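Here's the letter readout for the chains.
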Amino acid sequence: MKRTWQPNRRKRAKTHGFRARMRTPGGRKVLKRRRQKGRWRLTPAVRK
Amino acid sequence: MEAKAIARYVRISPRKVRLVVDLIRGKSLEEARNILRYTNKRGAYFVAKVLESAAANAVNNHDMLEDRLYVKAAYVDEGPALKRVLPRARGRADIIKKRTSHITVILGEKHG
Amino acid sequence: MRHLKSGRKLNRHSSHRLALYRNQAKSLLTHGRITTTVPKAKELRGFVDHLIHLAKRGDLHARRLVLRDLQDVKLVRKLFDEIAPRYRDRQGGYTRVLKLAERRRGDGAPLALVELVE
Amino acid sequence: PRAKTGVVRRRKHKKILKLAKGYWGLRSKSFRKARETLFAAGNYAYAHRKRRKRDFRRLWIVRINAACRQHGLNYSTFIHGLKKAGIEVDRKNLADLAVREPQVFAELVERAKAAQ
Amino acid sequence: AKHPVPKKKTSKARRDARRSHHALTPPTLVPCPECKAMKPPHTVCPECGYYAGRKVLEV
RNA sequence: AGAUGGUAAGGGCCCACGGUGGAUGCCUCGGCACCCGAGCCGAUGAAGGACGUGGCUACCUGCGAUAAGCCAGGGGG
RNA sequence: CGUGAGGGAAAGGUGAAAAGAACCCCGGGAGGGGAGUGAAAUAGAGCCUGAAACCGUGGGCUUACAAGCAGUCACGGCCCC
RNA sequence: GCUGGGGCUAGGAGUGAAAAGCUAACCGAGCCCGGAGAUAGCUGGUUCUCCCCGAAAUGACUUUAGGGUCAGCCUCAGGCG
RNA sequence: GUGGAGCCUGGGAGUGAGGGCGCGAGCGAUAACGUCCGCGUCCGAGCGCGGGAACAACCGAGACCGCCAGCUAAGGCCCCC
RNA sequence: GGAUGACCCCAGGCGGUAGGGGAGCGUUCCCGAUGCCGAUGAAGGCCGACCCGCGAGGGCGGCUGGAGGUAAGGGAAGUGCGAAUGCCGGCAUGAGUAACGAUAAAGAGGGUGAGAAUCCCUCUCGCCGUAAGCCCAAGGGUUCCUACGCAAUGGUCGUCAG
Ligand SMILES: [Mg+2]
Ligand SMILES: [Mg+2]
Ligand SMILES: [Mg+2]
Ligand SMILES: [Mg+2]
Ligand SMILES: [Mg+2]
Ligand SMILES: [Mg+2]
Ligand SMILES: [Mg+2]
Ligand SMILES: [Mg+2]
Ligand SMILES: [Mg+2]
Ligand SMILES: [Mg+2]
Ligand SMILES: [Mg+2]
Ligand SMILES: [Mg+2]
Ligand SMILES: [Mg+2]
Ligand SMILES: [Mg+2]
Ligand SMILES: [Mg+2]
Ligand SMILES: [Mg+2]
Ligand SMILES: [Mg+2]
Ligand SMILES: [Mg+2]
Ligand SMILES: [Mg+2]
Ligand SMILES: [Mg+2]
Ligand SMILES: [Mg+2]
Ligand SMILES: [Mg+2]
Ligand SMILES: [Mg+2]
Ligand SMILES: [Mg+2]
Ligand SMILES: [Mg+2]
Ligand SMILES: [Mg+2]
Ligand SMILES: [Mg+2]
Ligand SMILES: [Mg+2]
Ligand SMILES: [Mg+2]
Ligand SMILES: [Mg+2]
Ligand SMILES: [Mg+2]
Ligand SMILES: [Mg+2]
Ligand SMILES: [Mg+2]
Ligand SMILES: [Mg+2]
Ligand SMILES: [Mg+2]
Ligand SMILES: [Mg+2]
Ligand SMILES: [Mg+2]
Ligand SMILES: [Mg+2]
Ligand SMILES: [Mg+2]
Ligand SMILES: [Mg+2]
Ligand SMILES: [Mg+2]
Ligand SMILES: [Mg+2]
Ligand SMILES: [Mg+2]
Ligand SMILES: [Mg+2]
Ligand SMILES: [Mg+2]
Ligand SMILES: [Mg+2]
Ligand SMILES: [Mg+2]
Ligand SMILES: [Mg+2]
Ligand SMILES: [Mg+2]
Ligand SMILES: [Mg+2]
Ligand SMILES: [Mg+2]
Ligand SMILES: [Mg+2]
Ligand SMILES: [Mg+2]
Ligand SMILES: [Mg+2]
Ligand SMILES: [Mg+2]
Ligand SMILES: [Mg+2]
Ligand SMILES: [Mg+2]
Ligand SMILES: [Mg+2]
Ligand SMILES: [Mg+2]
Ligand SMILES: [Mg+2]
Ligand SMILES: [Mg+2]
Ligand SMILES: [Mg+2]
Ligand SMILES: [Mg+2]
Ligand SMILES: [Mg+2]
Ligand SMILES: [Mg+2]
Ligand SMILES: [Mg+2]
Ligand SMILES: [Mg+2]
Ligand SMILES: [Mg+2]
Ligand SMILES: [Mg+2]
Ligand SMILES: [Mg+2]
Ligand SMILES: [Mg+2]
Ligand SMILES: [Mg+2]
Ligand SMILES: [Mg+2]
Ligand SMILES: [Mg+2]
Ligand SMILES: [Mg+2]
Ligand SMILES: [Mg+2]
Ligand SMILES: [Mg+2]
Ligand SMILES: [Mg+2]
Ligand SMILES: [Mg+2]
Ligand SMILES: [Mg+2]
Ligand SMILES: [Mg+2]
Ligand SMILES: [Mg+2]
Ligand SMILES: [Mg+2]
Ligand SMILES: [Mg+2]
Ligand SMILES: [Mg+2]
Ligand SMILES: [Mg+2]
Ligand SMILES: [Mg+2]
Ligand SMILES: [Mg+2]
Ligand SMILES: [Mg+2]
Ligand SMILES: [Mg+2]
Ligand SMILES: [Mg+2]
Ligand SMILES: [Mg+2]
Ligand SMILES: [Mg+2]
Ligand SMILES: [Mg+2]
Ligand SMILES: [Mg+2]
Ligand SMILES: [Mg+2]
Ligand SMILES: [Mg+2]
Ligand SMILES: [Mg+2]
Ligand SMILES: [Mg+2]
Ligand SMILES: [Mg+2]
Ligand SMILES: [Mg+2]
Ligand SMILES: [Mg+2]
Ligand SMILES: [Mg+2]
Ligand SMILES: [Mg+2]
Ligand SMILES: [Mg+2]
Ligand SMILES: [Mg+2]
Ligand SMILES: [Mg+2]
Ligand SMILES: [Mg+2]
Ligand SMILES: [Mg+2]
Ligand SMILES: [Mg+2]
Ligand SMILES: [Mg+2]
Ligand SMILES: [Mg+2]
Ligand SMILES: [Mg+2]
Ligand SMILES: [Mg+2]
Ligand SMILES: [Mg+2]
Ligand SMILES: [Mg+2]
Ligand SMILES: [Mg+2]
Ligand SMILES: [Mg+2]
Ligand SMILES: [Mg+2]
Ligand SMILES: [Mg+2]
Ligand SMILES: [Mg+2]
Ligand SMILES: [Mg+2]
Ligand SMILES: [Mg+2]
Ligand SMILES: [Mg+2]
Ligand SMILES: [Mg+2]
Ligand SMILES: [Mg+2]
Ligand SMILES: [Mg+2]
Ligand SMILES: [Mg+2]
Ligand SMILES: [Mg+2]
Ligand SMILES: [Mg+2]
Ligand SMILES: [Mg+2]
Ligand SMILES: [Mg+2]
Ligand SMILES: [Mg+2]
Ligand SMILES: [Mg+2]
Ligand SMILES: [Mg+2]
Ligand SMILES: [Mg+2]
Ligand SMILES: [Mg+2]
Ligand SMILES: [Mg+2]
Ligand SMILES: [Mg+2]
Ligand SMILES: [Mg+2]
Ligand SMILES: [Mg+2]
Ligand SMILES: [Mg+2]
Ligand SMILES: [Mg+2]
Ligand SMILES: [Mg+2]
Ligand SMILES: [Mg+2]
Ligand SMILES: [Mg+2]
Ligand SMILES: [Mg+2]
Ligand SMILES: [Mg+2]
Ligand SMILES: [Mg+2]
Ligand SMILES: [Mg+2]
Ligand SMILES: [Mg+2]
Ligand SMILES: [Mg+2]
Ligand SMILES: [Mg+2]
Ligand SMILES: [Mg+2]
Ligand SMILES: [Mg+2]
Ligand SMILES: [Mg+2]
Ligand SMILES: [Mg+2]
Ligand SMILES: [Mg+2]
Ligand SMILES: [Mg+2]
Ligand SMILES: [Mg+2]
Ligand SMILES: [Mg+2]
Ligand SMILES: [Mg+2]
Ligand SMILES: [Mg+2]
Ligand SMILES: [Mg+2]
Ligand SMILES: [Mg+2]
Ligand SMILES: [Mg+2]
Ligand SMILES: [Mg+2]
Ligand SMILES: [Mg+2]
Ligand SMILES: [Mg+2]
Ligand SMILES: [Mg+2]
Ligand SMILES: [Mg+2]
Ligand SMILES: [Mg+2]
Ligand SMILES: [Mg+2]
Ligand SMILES: [Mg+2]
Ligand SMILES: [Mg+2]
Ligand SMILES: [Mg+2]
Ligand SMILES: [Mg+2]
Ligand SMILES: [Mg+2]
Ligand SMILES: [Mg+2]
Ligand SMILES: [Mg+2]
Ligand SMILES: [Mg+2]
Ligand SMILES: [Mg+2]
Ligand SMILES: [Mg+2]
Ligand SMILES: [Mg+2]
Ligand SMILES: [Mg+2]
Ligand SMILES: [Mg+2]
Ligand SMILES: [Mg+2]
Ligand SMILES: [Mg+2]
Ligand SMILES: [Mg+2]
Ligand SMILES: [Mg+2]
Ligand SMILES: [Mg+2]
Ligand SMILES: [Mg+2]
Ligand SMILES: [Mg+2]
Ligand SMILES: [Mg+2]
Ligand SMILES: [Mg+2]
Ligand SMILES: [Mg+2]
Ligand SMILES: [Mg+2]
Ligand SMILES: [Mg+2]
Ligand SMILES: [Mg+2]
Ligand SMILES: [Mg+2]
Ligand SMILES: [Mg+2]
Ligand SMILES: [Mg+2]
Ligand SMILES: [Mg+2]
Ligand SMILES: [Mg+2]
Ligand SMILES: [Zn+2]
């Protein structure tokens, strides 16, 4: 039956994207934390 | 004088090969060859090659006579197991161990 | 219980088992000698023997009978013309099964050869 | 500083496991099972050390009794006779006498009858 | 059913006792009357192709 | 009539030798604590990256189409 | 692994020096046997040491009329020193 | 009526032809990180050896009754004799 | 009456679910391996030992270690024994 | 007794849970140590029926191992595991057992190759056909084509393959 992951790139980018993160005070902090931790990818990679 | 051959990391389960190895212990080289030839098991192929390779060393390297050779000793040890996943129902995963054998054959000369 | 029952099942249903026998007849009657598993071999005997014994009859009826199993007009033509006559004086036993010495590698199945007799 | 287990535990286990040689299955191979068996074996020995002293005396009494009845009297009579005679040779020796030196035992039986 | 399960680990001794029947019987072989090589009886000799005193098969 | 042995399909205990496995000891490029030193960077586009960059180059490092490097001063041999 | 915020491992050691095993043999290979290197190769790269569970081979004692927390005490038989 | 794509509404909040339904495979109050080593009068666990002594399961009070405070009973040191 | 007796000051506890049995009561049905007190005891902690076929608390008896020596307790002395 | 923990003699105590007290053993580290043991072999490992100690332990000897270890006397602690449905890893048992994923279905001949029920070719047989055929869009991201391969992946095999 229909499971929970139904990929959609526009949705993916418009949600967890870089610009989305930068727009909100909460999201900017995500990027701060991820950088501080040293994540290789601050934001979900998506092929546009 | 003895001659030996060891096939290590043979991808077959020790318990299975021993069944075949047991068939030729203490037999003349000629008798063993006869047995392995008509033994209906996968292991027979592997045990065969180690037997021949041991007989080869006997004639070549160790100054023994093919017409005197018998299987003085033979045994399988177990080598590192290959662990693989086997997906079961309701999300559970099992772990299959694809086992491994170190087959040894040691040949001696029956004087007379 | 299986008391006094004749004919193997060979793990095939009715139509498949029949097809198996027909196709093996076509194969045997075409090359004169085929290799199969010992059980299929033995069963093949009577199935073909009856076909051969009908080619010996020669009539149109016999041709139309044998054609139900064999289908191939060319083959049946070979059966009546080339095969059948060398069994004119022979009464049954037109085939033979001889068991081979080596088993199959992938499943250890015992093999044997079926052939038309000289 | 840090003092990790290191060598100590393996050594303690081997002591036990060596003491458990000869036992059946994991009792001689598994440390834990070896220990449980060794506890029982310590109590058994202590108990059987104490009871070995009984086990033999009962044998001695059976044997002395066997030789006595050959001479027409029973053990309970024989011992009393010996007491009245004032003979204090023990049962370990009486039994040895009863078998190795039968004529000597005969004489003791005599003095036993004479005493009453 | 309520999922039966072993109560105790099988001992090394009991495991091995169960396997007292698991031994293989060596193949039964007779000499070929033509080429003296060993082969299963009632089988066409895979070494020389002879059965019943005649050539039957290319080897 | 009486009696007492060799039997091992397999099993058990001990011994020897192996296999598996990676504990122990030794080691340390790394870590930890304290003290001292030092302490801002950015529209002259930071922090951090993407993609590139080698004769042959997957990755790391370095570098930016002048791309494992260009110029000059000092150091060194 | 998780849609995501986020979670989050395992994995160090040949040798003084690669001298990292030319060549020959069995094998399709893997592997092994000789040869050679080394003080050492059960230091051979699946590499220091290499414990235990666990698996096996060989040897000694033993077991198919026997009732068991498996030991313990006694005696005897057999094998060993 | 069903359905693709593009959107909006969320945690004491959303949404609900109403089942406390659903809000990323457990919703009478989602998930992650933090407070946080919350708190647990409860349960479990607590690692070498030898030597001497050796209890209690009672009383009183207790939002107390399988928890406590004092008393009783054990032990060690000094003193009294 | 010199005893792992007693008294005084102080350090450290643990216990504050007891249980069987005998005798004296209540409660119960002159019921319960029942319940609630009292005096004693043992088990608890002596599931160490002999007896009771077996059996924490009934009888015997308080196990520092050793002995292939002796005497007894309860209980026993036809055979198992 | 002798005078003091010097050893001897006589006597009595010595079941033990919660628990109090005492004496010790061992592990890591510091002083002792610019020392001492050490390739004529450190640690660690495997043995031992030997020696000392009530015991925890400590010696000695054999094999392994191949570069560290460390006394008398003192000091300081991440200091002793058998259990926590503990944690991490390794390996067992069940057991050569269930299973090997739609009951549309196979049979022979020829080819290749060290090896073939499973790869290629032919013929026969069966299954789908409002699909089990074809073309888009999502989504996946080189899986496309060819050459050379079969350790692992493929629930078997493999010369074949995403
Ligand atoms: Mg959708
Ligand atoms: Mg996707
Ligand atoms: Mg899109
Ligand atoms: Mg779209
Ligand atoms: Mg965005
Ligand atoms: Mg800001
Ligand atoms: Mg990066
Ligand atoms: Mg990541
Ligand atoms: Mg993000
Ligand atoms: Mg066979
Ligand atoms: Mg040869
Ligand atoms: Mg689940
Ligand atoms: Mg497994
Ligand atoms: Mg039927
Ligand atoms: Mg019939
Ligand atoms: Mg039929
Ligand atoms: Mg039938
Ligand atoms: Mg049949
Ligand atoms: Mg079929
Ligand atoms: Mg079938
Ligand atoms: Mg059909
Ligand atoms: Mg039909
Ligand atoms: Mg008929
Ligand atoms: Mg035949
Ligand atoms: Mg095959
Ligand atoms: Mg440790
Ligand atoms: Mg221990
Ligand atoms: Mg240890
Ligand atoms: Mg050790
Ligand atoms: Mg120790
Ligand atoms: Mg034993
Ligand atoms: Mg013994
Ligand atoms: Mg064992
Ligand atoms: Mg065993
Ligand atoms: Mg073991
Ligand atoms: Mg003990
Ligand atoms: Mg005793
Ligand atoms: Mg006793
Ligand atoms: Mg006595
Ligand atoms: Mg006594
Ligand atoms: Mg007795
Ligand atoms: Mg009398
Ligand atoms: Mg008397
Ligand atoms: Mg007397
Ligand atoms: Mg049912
Ligand atoms: Mg049921
Ligand atoms: Mg059932
Ligand atoms: Mg059912
Ligand atoms: Mg079941
Ligand atoms: Mg069970
Ligand atoms: Mg086992
Ligand atoms: Mg075994
Ligand atoms: Mg069994
Ligand atoms: Mg056969
Ligand atoms: Mg030939
Ligand atoms: Mg006999
Ligand atoms: Mg035996
Ligand atoms: Mg056998
Ligand atoms: Mg036994
Ligand atoms: Mg080993
Ligand atoms: Mg390893
Ligand atoms: Mg700075
Ligand atoms: Mg930058
Ligand atoms: Mg780069
Ligand atoms: Mg320059
Ligand atoms: Mg310069
Ligand atoms: Mg999730
Ligand atoms: Mg992901
Ligand atoms: Mg998390
Ligand atoms: Mg971890
Ligand atoms: Mg090195
Ligand atoms: Mg090095
Ligand atoms: Mg070659
Ligand atoms: Mg060759
Ligand atoms: Mg090939
Ligand atoms: Mg090679
Ligand atoms: Mg070889
Ligand atoms: Mg080599
Ligand atoms: Mg040399
Ligand atoms: Mg040397
Ligand atoms: Mg070695
Ligand atoms: Mg070495
Ligand atoms: Mg090694
Ligand atoms: Mg080293
Ligand atoms: Mg190893
Ligand atoms: Mg081992
Ligand atoms: Mg054996
Ligand atoms: Mg009987
Ligand atoms: Mg018997
Ligand atoms: Mg004995
Ligand atoms: Mg619409
Ligand atoms: Mg829509
Ligand atoms: Mg949408
Ligand atoms: Mg929508
Ligand atoms: Mg909303
Ligand atoms: Mg809304
Ligand atoms: Mg929100
Ligand atoms: Mg909430
Ligand atoms: Mg609301
Ligand atoms: Mg609705
Ligand atoms: Mg979620
Ligand atoms: Mg949810
Ligand atoms: Mg849900
Ligand atoms: Mg709530
Ligand atoms: Mg707080
Ligand atoms: Mg927390
Ligand atoms: Mg603790
Ligand atoms: Mg006491
Ligand atoms: Mg009051
Ligand atoms: Mg009060
Ligand atoms: Mg209450
Ligand atoms: Mg109550
Ligand atoms: Mg409470
Ligand atoms: Mg108090
Ligand atoms: Mg008092
Ligand atoms: Mg005092
Ligand atoms: Mg007292
Ligand atoms: Mg007192
Ligand atoms: Mg006090
Ligand atoms: Mg205290
Ligand atoms: Mg204290
Ligand atoms: Mg309390
Ligand atoms: Mg209370
Ligand atoms: Mg109370
Ligand atoms: Mg109560
Ligand atoms: Mg009460
Ligand atoms: Mg009375
Ligand atoms: Mg009463
Ligand atoms: Mg009353
Ligand atoms: Mg009444
Ligand atoms: Mg009561
Ligand atoms: Mg009563
Ligand atoms: Mg009453
Ligand atoms: Mg009472
Ligand atoms: Mg208690
Ligand atoms: Mg008692
Ligand atoms: Mg008492
Ligand atoms: Mg009794
Ligand atoms: Mg009793
Ligand atoms: Mg009795
Ligand atoms: Mg008893
Ligand atoms: Mg009792
Ligand atoms: Mg009772
Ligand atoms: Mg007496
Ligand atoms: Mg009496
Ligand atoms: Mg009686
Ligand atoms: Mg009487
Ligand atoms: Mg009886
Ligand atoms: Mg008697
Ligand atoms: Mg004394
Ligand atoms: Mg006492
Ligand atoms: Mg005591
Ligand atoms: Mg208590
Ligand atoms: Mg003290
Ligand atoms: Mg220690
Ligand atoms: Mg200490
Ligand atoms: Mg120093
Ligand atoms: Mg030094
Ligand atoms: Mg020196
Ligand atoms: Mg040297
Ligand atoms: Mg040495
Ligand atoms: Mg050390
Ligand atoms: Mg020692
Ligand atoms: Mg050495
Ligand atoms: Mg050593
Ligand atoms: Mg050094
Ligand atoms: Mg040391
Ligand atoms: Mg030191
Ligand atoms: Mg010291
Ligand atoms: Mg000092
Ligand atoms: Mg410290
Ligand atoms: Mg600790
Ligand atoms: Mg414990
Ligand atoms: Mg569990
Ligand atoms: Mg469990
Ligand atoms: Mg359980
Ligand atoms: Mg665990
Ligand atoms: Mg554990
Ligand atoms: Mg585990
Ligand atoms: Mg498993
Ligand atoms: Mg079963
Ligand atoms: Mg079955
Ligand atoms: Mg099956
Ligand atoms: Mg299935
Ligand atoms: Mg199927
Ligand atoms: Mg069906
Ligand atoms: Mg073919
Ligand atoms: Mg073919
Ligand atoms: Mg194939
Ligand atoms: Mg093949
Ligand atoms: Mg149509
Ligand atoms: Mg696309
Ligand atoms: Mg994918
Ligand atoms: Mg790829
Ligand atoms: Mg294409
Ligand atoms: Mg491709
Ligand atoms: Mg190709
Ligand atoms: Mg492959
Ligand atoms: Mg393969
Ligand atoms: Mg292969
Ligand atoms: Mg695979
Ligand atoms: Mg495969
Ligand atoms: Mg699969
Ligand atoms: Mg392709
Ligand atoms: Zn032949």
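The name given to chain E in the PDB entry is 50S ribosomal protein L32, with the source organism recorded as Thermus thermophilus HB8. According to UniProt, the comment filed for chain E under the heading Function is "Found on the solvent side of the large subunit." Looking at the Subunit heading of the UniProt record, one finds this comment for chain E: "Part of the 50S ribosomal subunit."

Within the PDB entry, the label attached to chain A reads 50S ribosomal protein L34, and the organism entered is Thermus thermophilus HB8. What UniProt records for chain A under Subunit is the sentence "Part of the 50S ribosomal subunit."

Caption draft 1: Representation of the interface of chain B and chain E within the structure. At the interface, ten residues of chain B touch twelve residues of chain E. Regarding the contact of chain B and chain E, the summed buried area is about 900 Å², with carbon and sulfur atoms giving 67% of it. When residues of chain B are sorted by the area they lose upon contact with chain E, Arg15, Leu23 and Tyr38 of chain B head the list and together hold 54% of the total. Counting the contacts that link chain B with chain E gives one salt bridge. Among the salt bridges present, the one from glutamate 47 of chain E reaches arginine 37 of chain B, with a minimum N-O distance of 2.8 Å. Remark: the boundary between chain B and chain E carries one residue pair in polar contact. The set of elements that each furnish at least two residues to the side of chain B that touches chain E consists of α1 (14–24) and α2 (29–37) of chain B. Broken down by element, the residue count for the side of chain B that touches chain E peaks at four residues, all from α1 of chain B. Of the residues belonging to the side of chain B that touches chain E, the class tally is five nonpolar, two polar and three charged.

Definitions and limits used
Residues numbered from 1 in each chain as written, not as in the entry; some residues may be left out. Chains lettered and ligands numbered in written order. Part of a larger assembly, values for the part shown. Heavy atoms only, no water. Residues with missing side-chain atoms left out of burial classes, pairs and counts. UniProt positions renumbered as here; feature names shortened; annotations may be inferred. Contact = heavy atoms within 4.5 Å. Buried area = accessible area lost by both parts, 1.4 Å probe. Salt bridge = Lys/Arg side-chain N within 4 Å of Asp/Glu carboxyl O. Polar contact = N/O pair within 3.5 Å; in protein donor to acceptor, adjacent residues only side chain to side chain. Helix = DSSP H or I, 4+ residues; strand = E, 2+ residues; numbered from the N terminus. Nonpolar A, V, L, I, M, F, W, Y, C, P; charged D, E, K, R; others polar.

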